[PDB]
J.: 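Can you keep this structure in mind? I'll have questions shortly.
Chain identifiers are assigned alphabetically (A, B, ...) following the order of the sequence lines, protein sequences preceding nucleic acid strands; residue numbering begins at 1 within each chain. In each ligand, atom 1 is the first atom listed, and ligand 1 is the first ligand listed. Side-chain atoms are counted along with the backbone in the values below, which use heavy atoms only and exclude waters and symmetry mates.
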Amino acid sequence: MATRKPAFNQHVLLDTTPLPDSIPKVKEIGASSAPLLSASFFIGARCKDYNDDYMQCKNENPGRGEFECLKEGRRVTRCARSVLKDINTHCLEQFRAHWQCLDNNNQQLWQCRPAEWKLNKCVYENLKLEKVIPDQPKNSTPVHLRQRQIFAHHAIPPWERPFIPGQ
Amino acid sequence: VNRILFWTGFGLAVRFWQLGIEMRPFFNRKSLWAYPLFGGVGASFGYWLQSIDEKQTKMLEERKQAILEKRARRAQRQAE
Amino acid sequence: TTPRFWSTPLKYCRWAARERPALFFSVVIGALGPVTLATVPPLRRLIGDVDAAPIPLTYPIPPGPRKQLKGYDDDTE
Amino acid sequence: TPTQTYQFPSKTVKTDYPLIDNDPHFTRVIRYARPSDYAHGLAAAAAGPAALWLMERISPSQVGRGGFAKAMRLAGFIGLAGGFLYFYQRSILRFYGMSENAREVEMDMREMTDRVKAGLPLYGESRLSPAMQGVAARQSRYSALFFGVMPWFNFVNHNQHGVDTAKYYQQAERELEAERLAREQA
Amino acid sequence: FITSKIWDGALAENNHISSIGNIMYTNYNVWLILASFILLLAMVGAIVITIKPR
Amino acid sequence: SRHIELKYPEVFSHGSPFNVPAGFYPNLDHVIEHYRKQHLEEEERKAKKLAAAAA
Amino acid sequence: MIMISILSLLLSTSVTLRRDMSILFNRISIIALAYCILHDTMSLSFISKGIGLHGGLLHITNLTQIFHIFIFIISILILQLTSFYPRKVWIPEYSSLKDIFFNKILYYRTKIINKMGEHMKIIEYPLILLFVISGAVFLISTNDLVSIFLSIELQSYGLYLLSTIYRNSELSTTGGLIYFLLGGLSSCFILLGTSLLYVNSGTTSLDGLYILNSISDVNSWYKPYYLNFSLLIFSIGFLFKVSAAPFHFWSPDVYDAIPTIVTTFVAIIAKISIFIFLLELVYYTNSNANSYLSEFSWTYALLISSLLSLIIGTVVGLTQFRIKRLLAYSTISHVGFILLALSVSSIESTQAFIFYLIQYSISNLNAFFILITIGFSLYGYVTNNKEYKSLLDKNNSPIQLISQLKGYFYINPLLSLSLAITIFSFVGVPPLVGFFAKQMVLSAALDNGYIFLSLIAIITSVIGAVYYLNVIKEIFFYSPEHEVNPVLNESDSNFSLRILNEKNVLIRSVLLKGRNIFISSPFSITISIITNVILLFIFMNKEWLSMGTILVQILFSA
Amino acid sequence: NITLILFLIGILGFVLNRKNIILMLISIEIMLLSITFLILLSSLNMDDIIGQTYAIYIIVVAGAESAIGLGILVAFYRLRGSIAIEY
Amino acid sequence: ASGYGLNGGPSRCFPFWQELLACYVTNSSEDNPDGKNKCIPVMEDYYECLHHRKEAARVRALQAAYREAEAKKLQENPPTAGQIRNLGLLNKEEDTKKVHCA
Ligand SMILES: CCCCCCCCCCCCO[C@@H]1O[C@H](CO)[C@@H](O[C@H]2O[C@H](CO)[C@@H](O)[C@H](O)[C@H]2O)[C@H](O)[C@H]1O
Ligand SMILES: CCCCCCCCCCCCO[C@@H]1O[C@H](CO)[C@@H](O[C@H]2O[C@H](CO)[C@@H](O)[C@H](O)[C@H]2O)[C@H](O)[C@H]1O
C-alpha cells in the first residue's frame, strides 16, 4: 500500500491469504524493536554482504524489485536469525540488560553505555564480532567509546570502562 | 546603396533636423564641427552594420543549404 | 561638527562608535561573519582540525558488481 | 581510466569553437585571461565614471556642493562592477567555445593532462556533497551568458563540465608511454 | 485509500519545513532571488508613495 | 520542428539524494549514451570544420 | 548587472534625502543600463532554441538576448527625459569645442530650466524603472510557472508604483489605484491558470508541459484538455496587461490620469516583455496534427482579441478629444495587428511579429517625446482660451487636449512634421516604416488563410486613419491660439550671461532674451533619429529584417 | 471542491460590488487563498514538496500586494477624504 | 515530477516521469516523426500515478463483485475484532487458528 503518512485512518485491513507454495517459506525475525538495536551492530558485522547484496539486487532491477529479489531477502533474514540465535546462546544476560535499558531510555544508545560495553565484551569473546561505526573522525575518541557522554541523562560511573578489543 | 555613404548622410540629416526642431540656425561657423562629428558617427555605425551584414549572409547561406539537405535526405529515405 | 566619512575615514569611525554605537557595531558584527568565513577555516586546516565526514542520510550502497554470495540458502532454513 | 568519462547528461550548444568547460572554476577563468582581457575590462570600467564626468561638463546638473562627488563614487563602483564582469565574461567565453580559443585549448590540454599523470582529481576536490556538487554545476553551467541580468560565479570543485574527459587520459597515456621509452633507451 | 510502512525511505525522515529548506536555498534558489526583490520593491515603493520626506 | 530538445537535459540528474528506496531510480544509461553521442558528434563537426578550413 | 545596479543605487539613495541629487541618479541609471547592453551583446555567440540556466528555472535564447538589449535601449531613451533639463540657453559665442569643453557659462538657470520641477525631484524614480526593467527581462527568460508568476508580479507591482509616484496629484493616485485593482484581478487569472497546469501535469517546467502536449498531439483515460483550458485562462490575464479588447477599458483612463513622463514608460515596456513571452508559448503549443486538441486551441482567444481590438481601437477613437486617451486607443488597434501575427503561427507571421513589435515600440516612443517637447516649448507662449484654464495637473500633463495643438506648424514647423511623419506611420502610409509592418502582417495572414481578418484589418485601418488625420488637420489646417509671451521680448527685458574661462575669469558678458532659449539637445536629437528611421527605412532595411529572418529560422529550425 | 467554491466567493465579491473598493481588495485575497489552497491539496496527493514551496511564494507575493494596495489606497485617501464611489 | 517528496526523500511519480522523459528523448527526433508514439503508454502511466483514475475504476468494480459475493454466501462464525487483534501473538494460538480456519 502507498507510503504516504495517514491522517484520518480509523480501520486496519488484514489479508489472511497465505504466500503461494511456489515461493520457499522463511521463518520470520521475532525480536522486537529494542532487541534489534542492541544486536544491530553485530548483524552488520556478519550480514553486511547479504544486506548489501539484497539492496543491490533491488537497485539492479528498478520497479520490479519486491519480486525478482525474493531469494536475497530470505538470505538476509537467515543471517540475522543466526546473530539473534548466537547472542541468546552466549550473552543472554548482557543482551537483555542492554535492550531493557534502551526500552526506558528512548532507545537512545548513549543512554546505556555501561550495559552496551559489557555486551560488546561478551559478544567479542564468544562470537568474535565487533561494533564498528564507519567513517568516524580521526582526531578524537570514538563517541561509542567515550568515558563521558554529554547527552546522557544519567552520568556514566568512572569504574564502568569502555570495551576496547584488546588491552 | 552604399552603407557607409547612407549612414554618413543619415548623421548629417540628423544634425539638420535637430537644428530645425530647435529652430536654431543651420551653418553658424563656431558650431560647424557638429556636422563632421554627426557624419563620423554615421560612418562608424555602418562599418558596424557591414560586419552585421557579412555574418547574417553566412548564416542565411548555411540555413538555405540545411533546408536543402532536410528536403533532400527525406526524399532519399522515401525512395524505398 | 560631526565628521564626514569620505574626508576623514578614521575620524568618522571613532565618532560613529561613540555617537551611533548600535548602528556602528551592527556593521562591525555583520562584517565579522564574512571575516570568520575567510579566516578560521584555513587556520583550522593548518592546526589539523579536519571537518567530520557527512553522516549517511540514505542507505549506503557500495559501488561495483554484486559479490556473488554463497550461504544462508533455502536448504539451510 | 575511470571507465566513464561522460557521467552526466549535458546540454550541447551549437558554437563555432571547441568547448573546454561548461563551468570553469573562477581561478581558471582568471588564470586563462589574455592581456587584452585586462585592457578591455579597464577600458569599460573607466567609461561609466568618464561618461558621467563628460555629461556634467557638457550639460551641467546644477546640483549642490557635494552631490557630484557622491555620484562619482556610485558611477565608479558600477564601472568596477561592469568592468570586471566584462573582463570575466570575455575570458570565460573561450571556455564555452563562443570565442576563438586555440590558445586556451592547449593550456587546458596541458594542465588537465599534467593533473592526470599527477594522480590529481581532474577538476579538484569538493568539500560539498556529490549531490550539492551537482546542484552547483547545474546553476553555473553557461551562466556568464546571463551576466547582464544576474551575476553568478563557480567556486565549487565539481566534476560535471560537459566534456568527455577520455582525451586528457588518452593523452596522458600516450605521454607516459613516450617518456618510458626514453628512460629505457638511456 | 490504503497505506503501508517502508523502511529504506524512513531512515532519516524530515519534517515538511526541513524538506522545503533542503531545496529552497540551493536547487530553486532563483525563486528566492525574485522574491527577495519583490519584497524589497514593496518596501521602497510603499514608503516612497506615502511619507513626506524629512 | 515537431520534436522538442530539452533546454535543460540536466533534469535527468534531478531527484532527492536522501531516504532513497532501493530500485526507486531508473536505469538511465541509455539516456547518457544519447547525450554522449551528441557531444562527440558536435565536437567532430567543429573539429572537421576549423581544421579542414584552416589549411 | 541590473541587479548589481539596483543594490548600489538603492544603497546610495538610502543614505541621502537631497532632491537636487535626482538628476545625477538618473544619469547613472543610463550608464548602468549601458553596461547591461555590453554584457547581453557579448552573450550572442551561439545557436540554440534555448539553454536552461540556474537549475532550469531560467532559459537563454538568441531571441531572449536581442529583446533584453532592445528593452535596455528603450529604457535608456525614456531615462533621458529625467536626466537632462527640458530647455537650454545657446549663443553662437559659446558653441565651439574650446567653449563647451574648457570655457563655462553662468546665468540664473532656475526658471529657464525648471530646475525644481516635479520630474526633477523624485529620487527613487530611476530605481523604480530599474525594478520594472528587471521583471521584464526576467519574464522573457522564464522556464518555470513559478518564475513566470514571480516575474510578472515584479513587473506589475513596479508599474503600479510608477503610476502613484506623483503623490500630490489627485489624478495620478486615482490612476495607480485603478491600475492596481484591475491589475490584481488580472494576476489572479494568471495564477489560476498556472495552478491548474501543475495540478494536472505534476510539473512546473514549461519543457515538460511542451512534451506532454507533444505526445498528446497524435491523430484514452487521460485526455490533455487542461493544457488548452489552462492557457486560455492564463492568456486572459496577459491580455488585460497588454490592454487588448475586451479587457481594455482600464488603459485610456490610467494613461490619461498619470503624468506624461510616466506614460511613456508604462505604455511601452509591459507590452514588449509580455508579447515576446507569448510567442514561445504559441510555438510549442501548436497542433501539427489536426485532432480534437486543435479545436480548443487557446490561440482562438488571441484571434478574437485581435478582431475586437481592431474594431474597438479604431472605432472608439473617433470621438476622443483628449490626446492621451487618443493615443491609448491607438495602441489598442496596434495590438490587434500584433495579436493577429502571433495567432497565425507561421515562419512569415513570426518575422512580421518581430518587426511590428520593435518598430511600434520605437515609433510610439517618438509620439511620446514629441508630445512632452511641445509641452515644454509653450513656456515662452501664453494663451487666453477659456478651456485651457480649467485643465487639471497642467504641470504633469502640459498637453491634454488635441485643440491645444492647433496651429503648432506656425510655432514649430519641423516638430510638427516629426509628429506628422510619426502619425502617418501609425496610419500605415508608404514609404513610412509602419507601412512595411502592416504589409508583412497582412501577407502572413493572407498566405496562411486569414483573408477574412485581413479585410477587417484594412477596413479598420481606414477608420483608425480618421482620428489620426484629425490630429494632423488640427496642427496644420488652423492658426494657433497660443501667442508669444510679450514680456520675454520687451526690449528692456534681458538676462545677463557671463562667459568665463578655465580659471574663472570673465571672457565675455552677453545680453540674452527669450529668443535665446531652446529645447535641450537630448530631446531634439532623439526625435530626429527616430523620425529619420521612419522616413528612411526603405534605404536601410537589410540588417533589421535579416535579424528577424535568422531569429525565426532558429525557433522553427529542425 | 472547497477550493472552487472559495474561488467563486472571490468572484462573487466582484459581482456584488458597486461601492466597496475595500471588498475589491478583499476578494482578490480570497481568490489567492483558493489557488494556494488548491495547489497545496494536490501537492499532498502527489507527494511533492514543490507544491508546498509554490504556495509559500504565493503567500509572500500576496502580502506584498496588500502593502502596495493599502499603500496606494492611503495615497488616494489623503487627497480624496473618501473611499466611496459616487453612483 | 520534481523529484523531492514530503519526507525528505524522492517524489512517488518521479520514476514514471523519467521513464517518460527517457522514452521521448531517445526515440523521437526530427528524422522520425512517429518515434514519440512509443511515449503514449509511458505517458499514460505517468498520468495514472498522479491521478489514479484507472486503479480507482478497477478497485470500484472488484469491490462491487466481492461485496455481493460475500453477501449471499453462508457465514459460519465471523471472527470478532478482539480475536483478530490477538492474531500471531505468542500466547493466543487458539485465536489464530480460528482466524485462519486451519
Ligand atoms: C532596431 C533593432 C534593435 C535591435 C536591438 C538588438 C541589437 C543587437 C545587436 C548586437 C548583436 C550582436 O553583435 C555582436 O556583438 C559581439 C560583442 O562581443 C561581437 O561578436 C563577437 O563576439 C566574440 C567576441 O566577443 C567573437 O568571438 C565573435 O566571433 C564575434 O561575433 C560583435 O560586435 C557582434 O557580432
Ligand atoms: C535601424 C536598424 C539597424 C539594424 C539593427 C539590427 C542590427 C543587429 C542585428 C544583429 C543580429 C543578427 O546578426 C547575427 O545574429 C546571430 C544570431 O543571433 C549572431 O551570430 C553570433 O552567433 C554565431 C553562432 O555561434 C557566432 O559564431 C557569431 O560569431 C555571432 O556573431 C549575432 O547576433 C549576429 O552575428
J.: Which atoms of ligand 2 sit under 4.0 Å from any heavy atom of B:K55?
T.: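 By the 4.0 Å cutoff, the relevant atoms are 29 (O), 31 (O), 35 (O).
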J.: Tell me the nearest of D:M98, G:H68, D:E100 to atom 26 (C) of ligand 1, using heavy-atom distances.
T.: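 Looking at heavy atoms only, D:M98 sits closest to atom 26 (C) of ligand 1.
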J.: Report yes or no: does D:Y17 have a heavy atom closer than 4.0 Å to ligand 1?
T.: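 Outside the 4.0 Å threshold, so no.
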J.: Write down the atom of G:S83, the atom of G:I30, and the distance for their closest heavy-atom approach.
T.: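 In this case the closest contact between G:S83 and G:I30 is OG-CD1, 3.6 Å.
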J.: Please list the nearest protein heavy atom to atom 11 (C) of ligand 2 with its residue and the distance rounded to 0.1 Å.
T.: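 Its nearest protein heavy-atom neighbour is G:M547 CG, 3.8 Å.
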J.: Measuring from atom 17 (C) of ligand 2, which candidate in G:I530, D:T15, G:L536, G:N62 has the nearest non-hydrogen atom?
T.: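 Looking at heavy atoms only, G:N62 sits closest to atom 17 (C) of ligand 2.
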J.: Quick one: which residue pairs count as a salt bridge (charged side-chain N to carboxylate O under 4.0 Å, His left out) with a foot in residues 536-545 of chain G, not counting sequence neighbours?
T.: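 For residues 536-545 of chain G: B:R3-G:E543.
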J.: Which protein non-hydrogen atom lies closest to atom 33 (O) of ligand 1, naming both residue and atom, and how far is it?
T.: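 Sorting protein heavy atoms by distance from atom 33 (O) of ligand 1 puts B:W48 NE1, 4.0 Å first.
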J.: Just to verify, what does D:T15 make a side-chain contact (heavy atoms from CB on, under 4.5 Å) with, not counting sequence neighbours?
T.: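 Expected list: D:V13, D:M98, F:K46, G:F46.
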J.: Under 3.5 Å, N or O to N or O, is G:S45 touching ligand 2 that way?
T.: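 Yes, there is a polar N/O contact under 3.5 Å.
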J.: Nearest protein heavy-atom contact for atom 12 (C) of ligand 2: which residue, which atom, what distance?
T.: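 Answer, as residue, atom name and distance: B:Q56 OE1, 3.4 Å.
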J.: What atoms in ligand 2 come closer than 4.0 Å to a heavy atom of G:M540?
T.: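 Here the atoms of ligand 2 in question are 1 (C).
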J.: Mark up the atoms of ligand 2 that fall under 4.0 Å of a heavy atom belonging to D:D16, in ascending order.
T.: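 Those qualifying, in numeric order: 25 (O), 27 (O).
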J.: At what distance is the nearest protein heavy atom to atom 24 (C) of ligand 1, and which residue and atom is it?
T.: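 Here the closest protein heavy atom is D:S99 OG, 4.2 Å.
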